[PDB]
Amino acid sequence: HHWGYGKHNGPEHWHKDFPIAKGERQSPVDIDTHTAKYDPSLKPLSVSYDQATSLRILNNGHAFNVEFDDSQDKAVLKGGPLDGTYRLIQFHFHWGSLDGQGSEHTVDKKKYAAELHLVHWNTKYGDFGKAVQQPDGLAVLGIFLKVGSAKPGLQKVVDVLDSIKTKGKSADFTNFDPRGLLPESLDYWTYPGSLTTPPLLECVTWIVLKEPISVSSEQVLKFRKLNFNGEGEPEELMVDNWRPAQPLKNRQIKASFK
Ligand SMILES: NS(=O)(=O)c1ccc(NC(=O)CN2C(=O)NC3(CCCCC3)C2=O)cc1
Ligand SMILES: [Zn+2]
């Protein structure tokens, strides 16, 4: 794996090592708000993060992941388009070099400054590695970030980034409550898609919240001081780690709201 986000290893190159990059259910996509249709078959969405147990934060050279204890049903996502129980394993973000870009999904071609992905796996498949081989293996809850007021619940994340500046660095990150990253409304769009990085597996039910959260310019400037490189290597700022919108093909985006 030498994929990344540069001119020579970025999204336009991924197909050569990951041919599913040109597949029939790739993510992200543009959400055309006028074409998305309210779906009365959707059950109420249930985000149950009361017992979430965060463990560690890791710079993986592509983003940073806040990882959770997923050895039992502690933080789960259920309902909406989902059949059964999906366990939270990690969250991460995608962001830009400037405030007008960074999200992976777009809304009527609008790009947000960043996008939060809370990744969950379907417990009927027993472990994450089995779940990613299944068309309904994962559920990713996507939340847009706009630059405005600070998000108080983000600042514990922002303040540890200095300790994980480079690829392969991790830090203990216990007792973080991901409920502080949610907007007030759980109105959402949903469609079948993929992981947005290699290996681009078509295993994700995407649930993208309509209401962005606001973060401050200072908060997102701290994301942009991270590094794609390892320690001791030439500094390459971790910015623009987003895949652009992919063809919708034979898919419909469903809305939870009238
Ligand atoms: N942007 S995204 O679509 O939300 C998205 C994109 C890529 C990924 N990639 C992965 O999770 C890659 N990956 C595996 O396959 N296995 C582990 C998790 C389980 C333990 C072993 C390591 C892992 O980290 C996740 C979400
Ligand atoms: Zn992601």
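This entry, as listed in the PDB, derives from X-ray crystallography and reports a resolution of 1.45 Å.

The name given to the protein in the PDB entry is Carbonic anhydrase 2, and the organism recorded there is Homo sapiens. Listed in the archive, the entry goes by the title "Benzensulfonamides bearing spyrohydantoin moieties act as potent inhibitors of human carbonic anhydrases II and VII and show neuropathic pain attenuating effects". What UniProt states about the protein under its Subunit (literature references left out) heading is, verbatim, "Interacts with SLC4A4. Interaction with SLC4A7 regulates SLC4A7 transporter activity. Interacts with SLC26A6 isoform 4 (via C-terminus cytoplasmic domain)."

A. Structural detail: the UniProt feature "binding site: substrate" in the protein. UniProt records the feature "binding site: substrate" at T196 and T197, using the numbering of this structure. One can find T196 in the loop between β12 (188-193) and β13 (204-209). If we skip the residues at most four places from it in the chain, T196 touches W14, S27, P28, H94, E104, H117, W206 and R243. Looking at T196, its side chain comes within polar contact range of the side chain of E104, at 2.6 Å.

B. Quick peek at the pairing of β13. By the criterion of burial, β13 is predominantly enclosed, with six of the six residues buried. Judged from the five bridges that link them, strand β10 (residues 138-147) and β13 form a sheet pairing that is parallel. Of the residues in β13, the one forming a bridge with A139 is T205. Pairing of β12 with β13, which is carried by six bridges, proceeds in the antiparallel orientation. Across the sheet, residue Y191 finds its bridge partner in β13, namely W206.

C. Here's a closer look at the pattern of salt bridges. A full pass over the atoms with the stated rule returns nine salt bridges. Close ionic contact of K74 with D69 constitutes a salt bridge, the shortest N to O distance being 3.3 Å. When its relative accessible area of 23% is taken as the criterion, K74 is described as partly exposed. Between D73 and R87 there is a salt bridge, with the nearest N and O atoms lying 2.7 Å from each other. Taken as a pair, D73 in the loop between β5 (64-68) and β6 (76-79) and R87 in strand β7 (residues 86-95) lie far apart in primary sequence, 14 residues in all. Exposure remark for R87: the relative accessible area of 12% places this residue in the buried category. One salt-bridge network, in which partners are shared between bridges, spans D50, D177 and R179.

Reading guide: rules and limits
Residues numbered from 1 in each chain as written, not as in the entry; some residues may be left out. Chains lettered and ligands numbered in written order. Heavy atoms only, no water. Residues with missing side-chain atoms left out of burial classes, pairs and counts. UniProt positions renumbered as here; feature names shortened; annotations may be inferred. Helix = DSSP H or I, 4+ residues; strand = E, 2+ residues; numbered from the N terminus. Contact = heavy atoms within 4.5 Å. Polar contact = N/O pair within 3.5 Å; in protein donor to acceptor, adjacent residues only side chain to side chain. Buried < 20%, exposed > 50% of the residue type's maximum accessible area, 1.4 Å probe, protein only. Pairing = 2+ DSSP bridges. Salt bridge = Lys/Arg side-chain N within 4 Å of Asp/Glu carboxyl O.

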